[PDB]
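Two forms of a single protein chain come next, each set out by itself as structure tokens; they are called structure 1 and structure 2.
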Structure 1
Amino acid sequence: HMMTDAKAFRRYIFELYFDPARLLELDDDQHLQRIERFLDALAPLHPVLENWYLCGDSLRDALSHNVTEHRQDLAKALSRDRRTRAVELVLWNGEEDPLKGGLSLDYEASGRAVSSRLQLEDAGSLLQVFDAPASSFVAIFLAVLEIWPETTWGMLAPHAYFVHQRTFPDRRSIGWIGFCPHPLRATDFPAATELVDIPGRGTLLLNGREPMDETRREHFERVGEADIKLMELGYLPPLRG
């Protein structure tokens, strides 16, 4: 079918991974500059992405420091979020309700893979508000690739799919939309899969969303067949790493 199931909210995972050695080379000024550029790139995509704030305890405190208004506040996020062995930065977009596009951002750079990453949670909130979600999510990937040439993997996937349906237990997944840092040939992939070639970076892959009804071939062809081809190419990275 062309439509999805009818559900009030779907949890998603949205994670971009960076080469830890190359990311660690950056100093704080460069991390802050990249985050500033990334927030700038989010702003045109939807009204809920236009404002970002430091976290706080009272609602008044958590809305007092708009880092898209006062960019010096971004350093104050780094100051309270930093830890001895890693830069970390946490922001929220000022919307408390996930059903209204509420979102937080978590950026870490440690020199290790697990904590050299950009996460948007819960990205299912953006599926709530995007009029044309496929292209808007691709635009978020495109921003990350332009700002972080160190990107080594990206995945946007339903949480339940990743946890309970990913083909390879000890590997990452390309998800519904994802980034693989290699050129790919449409020949090797299903017809429902769209490949966006990004010279100098790799490929963005768009599989189809989960429909209300689908056959066994269609089920296999969705995210599973793409993960299988990536694994067969040696491009699907291990989870532990």
Structure 2
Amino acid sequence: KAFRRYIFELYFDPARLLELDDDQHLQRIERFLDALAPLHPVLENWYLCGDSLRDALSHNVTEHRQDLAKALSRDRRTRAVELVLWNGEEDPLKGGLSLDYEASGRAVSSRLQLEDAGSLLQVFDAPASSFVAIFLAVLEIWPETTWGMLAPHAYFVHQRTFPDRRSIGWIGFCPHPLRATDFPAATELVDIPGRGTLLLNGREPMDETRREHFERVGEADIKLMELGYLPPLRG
């Protein structure tokens, strides 16, 4: 099939994300996978990763939540944690997707990412409705969310509007409230109370080859930086 690579990372406050111990850390991931399951059957079961496919199918953590603690590795000196799970589906075309959650002391490595987000495009019926659902999830369980974005791989890596800092992508979350007319026409604002708003750039999935979808996110990030909202790439 002819799918496209997509990025789905959300950055959290590195200062107070470390304050969570290994107990409350596991509970938020647990509440996130519980949120992921009703979106598609492929998101129902999650496993530990492994050096081999045979190894990575040995620990179903949805069936046995007692082994979720085995995913989280913690350094005692720096107090950084990381946790990696995966779909149990081997083929990215059929929805195969891993979950990468790391809470290091640095803002560049305090993130949650779904790799690769293009697998969810090959399986979601309405991608916009399902993609925002796991957004509003993340932000309910993690109040420390500083930034979020969903965009294709070729666009951010090579055609990002401003290379020195991040982007809003197709759907991103900025931790402040926004005015509607400060943005292009068909960019939808859903103001969540307390932590900011979420910006959607057209309910159809972005195409880096369409000049329209190019300018929407372009003219966006120009605004997003005009108000001082676009955070730097390195922290």
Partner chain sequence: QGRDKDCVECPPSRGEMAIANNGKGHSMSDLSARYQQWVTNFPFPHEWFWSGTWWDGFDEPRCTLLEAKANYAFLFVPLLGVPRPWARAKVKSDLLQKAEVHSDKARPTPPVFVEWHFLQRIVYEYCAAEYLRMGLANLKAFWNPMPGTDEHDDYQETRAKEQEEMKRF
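Only the largest set of C-alpha atoms that superpose within 1.5 Å between the two forms is called the rigid core. One-based numbering along structure 1's sequence throughout.
*Asks:* Two forms of the same chain here; which is the form deposited without its partner chain?
*Replies:* The chain shown as structure 1 is the form deposited without its partner chain.
*Asks:* Core-aligned, is the CA shift for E221 between structures 1 and 2 2 angstroms or more?
*Replies:* The answer is yes; the displacement is at least 2 Å.
*Asks:* Is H159 displaced by at least 2 Å at its C-alpha between structures 1 and 2 when the rigid core is overlaid?
*Replies:* It does not, since the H159 C-alpha is displaced less than 2 Å between structures 1 and 2 after the core fit.
*Asks:* Does the C-alpha of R60 move 2 Å or more between structures 1 and 2 once the rigid core is lined up?
*Replies:* Yes, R60 moves 2 Å or more.
*Asks:* Once both forms sit on the same core, give the Cα displacement of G208 between structures 1 and 2 in angstrom.
*Replies:* So the C-alpha of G208 has moved 2.7 Å between structures 1 and 2.
*Asks:* If I align on the rigid core, how far apart are the two C-alpha positions of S115 between structures 1 and 2? Answer in Å.
*Replies:* Comparing between structures 1 and 2 after core fitting, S115 shifts 1.5 Å at its C-alpha.
*Asks:* Rigid core superposed, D81 Cα shift between structures 1 and 2 in Å?
*Replies:* Its C-alpha position differs by 9.8 Å.
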